[PDB]
Amino acid sequence: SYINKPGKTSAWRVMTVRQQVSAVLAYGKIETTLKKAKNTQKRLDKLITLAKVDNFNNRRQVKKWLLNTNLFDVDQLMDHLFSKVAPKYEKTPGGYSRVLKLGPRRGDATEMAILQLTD
Amino acid sequence: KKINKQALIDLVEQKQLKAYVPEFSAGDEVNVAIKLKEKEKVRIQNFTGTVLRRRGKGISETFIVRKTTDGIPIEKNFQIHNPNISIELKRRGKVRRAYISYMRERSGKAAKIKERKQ
Amino acid sequence: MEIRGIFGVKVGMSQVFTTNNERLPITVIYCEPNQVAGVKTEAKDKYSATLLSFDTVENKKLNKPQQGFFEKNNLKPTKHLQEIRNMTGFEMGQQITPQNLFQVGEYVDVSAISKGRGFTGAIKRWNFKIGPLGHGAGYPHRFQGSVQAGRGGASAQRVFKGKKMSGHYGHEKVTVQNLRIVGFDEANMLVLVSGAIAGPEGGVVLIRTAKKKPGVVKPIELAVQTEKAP
Amino acid sequence: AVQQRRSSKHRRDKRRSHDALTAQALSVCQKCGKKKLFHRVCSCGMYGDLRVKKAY
Amino acid sequence: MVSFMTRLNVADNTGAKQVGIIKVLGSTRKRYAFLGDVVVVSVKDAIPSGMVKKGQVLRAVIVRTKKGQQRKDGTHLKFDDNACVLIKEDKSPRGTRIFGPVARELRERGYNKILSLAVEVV
RNA sequence: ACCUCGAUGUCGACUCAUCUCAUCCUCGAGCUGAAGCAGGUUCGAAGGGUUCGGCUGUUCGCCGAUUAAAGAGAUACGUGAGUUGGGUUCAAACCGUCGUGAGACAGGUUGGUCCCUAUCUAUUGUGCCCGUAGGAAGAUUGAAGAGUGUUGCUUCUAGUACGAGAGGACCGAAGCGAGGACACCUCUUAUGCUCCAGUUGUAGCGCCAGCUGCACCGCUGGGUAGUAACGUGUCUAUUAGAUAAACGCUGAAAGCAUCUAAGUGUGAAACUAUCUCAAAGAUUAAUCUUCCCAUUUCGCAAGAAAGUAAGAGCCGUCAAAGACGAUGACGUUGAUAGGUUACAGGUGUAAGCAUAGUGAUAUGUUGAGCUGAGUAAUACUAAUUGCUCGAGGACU
RNA sequence: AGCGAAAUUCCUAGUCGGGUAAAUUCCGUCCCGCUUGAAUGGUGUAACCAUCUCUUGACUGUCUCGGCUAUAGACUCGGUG
RNA sequence: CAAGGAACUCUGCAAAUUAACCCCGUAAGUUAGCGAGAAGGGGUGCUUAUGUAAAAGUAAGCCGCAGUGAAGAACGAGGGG
Ligand SMILES: O=C(N[C@H](CO)[C@H](O)c1ccc([N+](=O)[O-])cc1)C(Cl)Cl
Ligand SMILES: [K+]
Ligand SMILES: [Mg+2]
Ligand SMILES: [Mg+2]
Ligand SMILES: [Mg+2]
Ligand SMILES: [Mg+2]
Ligand SMILES: [Mg+2]
Ligand SMILES: [Mg+2]
Ligand SMILES: [Mg+2]
Ligand SMILES: [Mg+2]
Ligand SMILES: [Mg+2]
Ligand SMILES: [Mg+2]
Ligand SMILES: [Mg+2]
Ligand SMILES: [Mg+2]
Ligand SMILES: [Mg+2]
Ligand SMILES: [Mg+2]
Ligand SMILES: [Mg+2]
Ligand SMILES: [Mg+2]
Ligand SMILES: [Mg+2]
Ligand SMILES: [Mg+2]
Ligand SMILES: [Mg+2]
Ligand SMILES: [Mg+2]
Ligand SMILES: [Mg+2]
Ligand SMILES: [Mg+2]
Ligand SMILES: [Mg+2]
Ligand SMILES: [Mg+2]
Ligand SMILES: [Mg+2]
Ligand SMILES: [Mg+2]
Ligand SMILES: [Mg+2]
Ligand SMILES: [Mg+2]
Ligand SMILES: [Mg+2]
Ligand SMILES: [Mg+2]
Ligand SMILES: [Mg+2]
Ligand SMILES: [Mg+2]
Ligand SMILES: [Mg+2]
Ligand SMILES: [Mg+2]
Ligand SMILES: [Mg+2]
Ligand SMILES: [Mg+2]
Ligand SMILES: [Mg+2]
Ligand SMILES: [Mg+2]
Ligand SMILES: [Mg+2]
Ligand SMILES: [Mg+2]
Ligand SMILES: [Mg+2]
Ligand SMILES: [Mg+2]
Ligand SMILES: [Mg+2]
Ligand SMILES: [Mg+2]
Ligand SMILES: [Mg+2]
Ligand SMILES: [Mg+2]
Ligand SMILES: [Mg+2]
Ligand SMILES: [Mg+2]
Ligand SMILES: [Mg+2]
Ligand SMILES: [Mg+2]
Ligand SMILES: [Mg+2]
Ligand SMILES: [Mg+2]
Ligand SMILES: [Mg+2]
Ligand SMILES: [Mg+2]
Ligand SMILES: [Mg+2]
Ligand SMILES: [Mg+2]
Ligand SMILES: [Zn+2]
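Residues numbered from 1 in each chain as written, not as in the entry; some residues may be left out. Chains lettered and ligands numbered in written order. Part of a larger assembly, values for the part shown. Heavy atoms only, no water.

1. With respect to the protein's contact with RNA strand F
The immediate surroundings of RNA strand F are formed by 136 residues, with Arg55(B), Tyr47(C), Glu83(C), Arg117(C) and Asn178(C) found nearest. Sugar and phosphate atoms form 77% of the subset of RNA strand F atoms that lie within 4 Å of the protein. One nitrogen or oxygen atom from the side chain of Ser146(C) is found 2.5 Å from a sugar or linking oxygen belonging to RNA strand F. Measuring from a phosphate oxygen of RNA strand F, one finds a side-chain N or O atom of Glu201(C) at 3.2 Å. Looking at the surface near RNA strand F residue by residue, the class counts come to 39 nonpolar, 49 polar and 48 charged. (Near = heavy atom within 4 Å. Polar contact = N/O pair within 3.5 Å; in protein donor to acceptor, adjacent residues only side chain to side chain. Nonpolar A, V, L, I, M, F, W, Y, C, P; charged D, E, K, R; others polar.)

Here's what the structure looks like:
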């Protein structure tokens, strides 16, 4: 068998986590698959904890993950994350995001999951 | 009843570690005195040469020394914390990596490492 | 014979340099003091064995039947129970450590559960040869090997029982014999055993007296580093 | 390879004997009462005591 | 680990520039030859003013290997080329001098003449 | 010419081997035109082993170098629903030869499509149900079994026994190996696609600097955990019993003799155990320990209505496990996973700034910064306050 | 005439030399060429060939000898079938 | 993919080496056209200055294991039918 689909390559995986992490930071909720939510949580938490000092080095580090969304660009998402979201989690010892399980999709039966920011 | 495996591993390694263990980077020339044992006595045989690598964490700390005799280059892997082995750093040199593999490819005037390091 | 046995948990593997100028790889085993939970006699049972208790745990993590047995026998609650054959000469309810059992450098054999590897093929399991890769080839490259014994009514016409094919590999008890004990650490309750021990780090391990060399003890002593400070 | 003999209607059911289904575990929501499958958010988006999503 | 039909250099004065292994002497299906091992070889590149001629089948012992071997203390000896010296039935070297360094593994398996005729042992 | 022409794929090679003994090596013994060493022949013995190459499609065969040995056969001259198609044997073309010819040749040469998703049985693994006569959780014995079993060199004994000499031991002991097997990743290596660093082109972040996407992971040098050998640990012993060939002691039938008939021995890598693994579905269903059942009424008792516990399962977090089941740890009375903190290992002095240089760039802050899985703490997040199954053991 | 163990030689793995540790293949030569041979042409020939055949340098997983990683399958779940 | 490098196989099948530009050098044979990109080698990055219409080049300096740093670019020699 040949001419197969490109597949869930490593580059595709990094882009998927990047896309989801930008959206959950913009809006605050993501409705994805459970196995995909369980992978974006690591990157989401890591980004938030490194963005607690708000120095220019941390902006360059965060910019390797954020992507343009509908509600914010790549430069106001920077301001939204570093001025609104991250300052809230100033003394929480990790665990800023929660993943909970919804029902199965009607057309796939895959287990859905909501990823949210725990206030 | 929590078991920190590394602490116990560190303790067994500490049973036979050495006190001084002088330091050297990748590109350094050292003099290693092997205390070879014959039927009787010891003949201190020197293996002065250039370091190529330093890997390991404890009793398993090893380093690579390269020498050239009669135009033939020979590389020899020593263990740092091994008895009857003495290491004496001679020249400290500048390299931009930890494993300088190209030294086993470059030879002659191009196999000389500039002094100084930080 | 006079078989002595102890249980411990493998924590990792290291090396030590020894006198006579040898570098000996060793395995490190954390050995809790084992408690003799039962003794079974030749006259009363038709065989002789000693059952000990080890790997102590709190009472709330143990099931009701087992904790009832432990409180009836007046023992420390432990979740692990196993016996060794032909182990005699120990009173019930006595703490046993390898220092009283084995010598400094005697030969012992060790049994442990091998590291699980799952469903492996014939080549990785039975050390079979791989078919040719070039010069023209076919769909089966990693072939197990023809299982034909005889075609026709006058011959077997069946694959013989116990054939060597793919299947489960790993997670199986295996014993390595004639391993020399290197050192004892009373304070840390830590036994040093030469060679490599099967099983993942943290699994259970049984150390027994070697049946090939029961009383043989080969001397071994470590090296003292004379390295003077600068 | 193909069956040289047809499989009857009895061997077929014997093989299907292991195709039976299992009833997924269900529980009761603690604020509205409808049955929901265990360890998952109900239809109102109210899991435990935390309002997760807006009501259906 | 020098193997069957491997071209390697000769570190002596005998007129042989390239030598090929024929059999790894010592047992049946002896896969490799490590330091100190004896092999049967054939001279393939020789010189006019040499004691050996091209095409002769002879017996040699290996002294150097690119792969190298590990000693008991843990030291790993590693050269950059496979080398052998031509020996006689009695185990005495055929050449009058030995070029380059030689290993110590020869000393256990006799070969006292090669070491004494070597430049420096390693 | 009995089966098969409504199809039984035919040489050789590769992989996997199994069986027989008419035994090539190893093991034991008798005889020798057997001094010793090395042989010859016969008997017993199938446990293991029985090499790599050159030429040929080759089997065969000759030759080369080793080995203790390079055994003889059978299994559809084993093995194409396992591989190959070099050979034979399609269509093409030529040579020699035959034929007036189209054409032909176990004469030669070049080229030339090898399909199938496994239903039953057989086998390697892993499960559900039920039984084992109350239920459940643990620990066992072992009926019937499976796996391994190869051997060389050096030293000593001892230049002793023997032998004019030359040469050169049996028995026994030690050391070092080859092949095979099991396990492991300290050491040496290979790999290590969300790790580090260097770096090219192009498109973006409005520009510099600094990053991102793509170009085999873009390329290159290293590399954590894991997986493996080319790596390093172990095994490939020993002993007992009954014996084959063989040798016996004591002894008659047959006053002698005689290994045998009674009695009593010796005796091999073969056999039965000792070694490793699995094993009570061993229905012939075994043994031991612990825990939980021991209600109110009606009538009908291995009866009813309700009513009583150990435990197990569903679900969730998982990995010492793993195709899926299962195995194992945990589920708030918790460190199971993620996150955080600290550290290890790895990479190799980060960005920014300052100095120097005309610039590329170097120097100092700086063993700095970064880091997938690794270590250990920390309930911050996810393992909810849930549901179901489950017991009084007939009588002799 | 030329050529000749040949895309031709049965005997034949013909003799000898070279190439290799070792050469039923290859190169040169020898000639009882069973049955070569001159326009169904004979003998040579520079260049050329997805032609055949043999030796060789570098090169490499073709192999000693197998091992690791990533995708798409296979495998599990839902739908068609 | 370490060491070996055709030991594999009917056969180096397949895979691997070389690969662009510039500068040196290039044999036997021949129908004198070729052989021939023969074979065999070297340099390539960035900065400054000099060079030009632009270059190419030249000189000095700097960095890296590696400078058509990634993509696309001929493996070769000898004998025979
Ligand atoms: O017909 C075939 N085989 C026939 C079956 O009748 C039979 O097995 C056969 C095989 C080989 C053979 N031969 O080598 O001459 C003759 C018949 C195959 Cl060619 Cl499909
Ligand atoms: K037929
Ligand atoms: Mg890509
Ligand atoms: Mg095909
Ligand atoms: Mg293929
Ligand atoms: Mg039959
Ligand atoms: Mg029959
Ligand atoms: Mg029906
Ligand atoms: Mg089914
Ligand atoms: Mg007939
Ligand atoms: Mg008839
Ligand atoms: Mg028939
Ligand atoms: Mg039919
Ligand atoms: Mg068929
Ligand atoms: Mg016989
Ligand atoms: Mg036996
Ligand atoms: Mg050849
Ligand atoms: Mg026949
Ligand atoms: Mg056949
Ligand atoms: Mg046969
Ligand atoms: Mg026949
Ligand atoms: Mg078949
Ligand atoms: Mg076949
Ligand atoms: Mg096929
Ligand atoms: Mg068939
Ligand atoms: Mg053919
Ligand atoms: Mg073909
Ligand atoms: Mg035709
Ligand atoms: Mg005619
Ligand atoms: Mg049975
Ligand atoms: Mg390690
Ligand atoms: Mg820029
Ligand atoms: Mg015996
Ligand atoms: Mg006996
Ligand atoms: Mg008598
Ligand atoms: Mg019955
Ligand atoms: Mg964890
Ligand atoms: Mg800096
Ligand atoms: Mg003539
Ligand atoms: Mg002529
Ligand atoms: Mg010919
Ligand atoms: Mg010849
Ligand atoms: Mg041919
Ligand atoms: Mg000829
Ligand atoms: Mg003619
Ligand atoms: Mg004429
Ligand atoms: Mg004519
Ligand atoms: Mg001609
Ligand atoms: Mg053509
Ligand atoms: Mg897919
Ligand atoms: Mg489906
Ligand atoms: Mg390689
Ligand atoms: Mg090489
Ligand atoms: Mg072959
Ligand atoms: Mg060959
Ligand atoms: Mg090709
Ligand atoms: Mg040419
Ligand atoms: Mg000719
Ligand atoms: Zn609700």
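2. Here's the deal with the protein's contact with RNA strand G
Around RNA strand G lies a shell of 23 residues, among which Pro6(A), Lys8(A), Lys129(C), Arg31(E) and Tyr32(E) are the nearest. The sugar-phosphate portion of RNA strand G accounts for 79% of its atoms within 4 Å of the protein, the bases making up the rest. The backbone of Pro6(A) places a nitrogen or oxygen atom 2.7 Å from a sugar or linking oxygen of RNA strand G. In this structure, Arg31(E) approaches RNA strand G through a side-chain N or O atom, which is 3.1 Å from a phosphate oxygen.

3. Some words on the packing of helix α1 (residues 10–26) of chain A against helix α4 (residues 76–85) of chain A
Residues and elements named next belong to chain A. With their axes 10 Å apart at the nearest point, α1 and α4 run at an angle of 65° to one another. For the pair α1 and α4, the sense of crossing is left-handed. Residues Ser22, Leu25 and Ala26 of α1 pack against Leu77, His80 and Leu81 of α4. Residues belonging to the contact of α1 with α4 are distributed by class as follows: four nonpolar, two polar and no charged. (Axes fitted to C-alpha atoms, helices over the stretch in contact; angles between N-to-C directions. Helix = DSSP H or I, 4+ residues; strand = E, 2+ residues; numbered from the N terminus. Left-handed = near helix turned anticlockwise from the far one by under 90°. Contact = heavy atoms within 4.5 Å.)

4. Side note on the interface of chain C and chain E
Counting residues at the interface gives four residues for chain C, matched by four residues for chain E. Of the roughly 330 Å² buried at the junction of chain C and chain E (both faces included), carbon and sulfur atoms supply 35%. Ranking the residues of chain C by area buried against chain E places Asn21(C), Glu22(C) and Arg23(C) at the top, with a combined share of 89%. Taken together, chain C and chain E are joined by zero salt bridges. Along the contact surface separating chain C from chain E lie one residue pair in polar contact. Here the side of chain C that touches chain E is composed, by residue class, of one nonpolar, one polar and two charged. (Buried area = accessible area lost by both parts, 1.4 Å probe. Salt bridge = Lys/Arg side-chain N within 4 Å of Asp/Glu carboxyl O.)

5. Here we look at the packing of aromatic side chains
Residue and element names in this part refer to chain B. All chains considered together, the criterion is met by six aromatic pairs over all chains. Grouping aromatic residues by their ring pairs yields a cluster made of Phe24, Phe47, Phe63 and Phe78. Of note, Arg54 hangs over the ring of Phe24, and the distance from its end group to the ring centre comes to 5.1 Å. (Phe/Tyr/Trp six-rings, centres within 6.5 Å; stacked < 30°, edge-to-face > 60°. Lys NZ or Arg CZ within 6 Å of the ring centre and 35° of its normal.)

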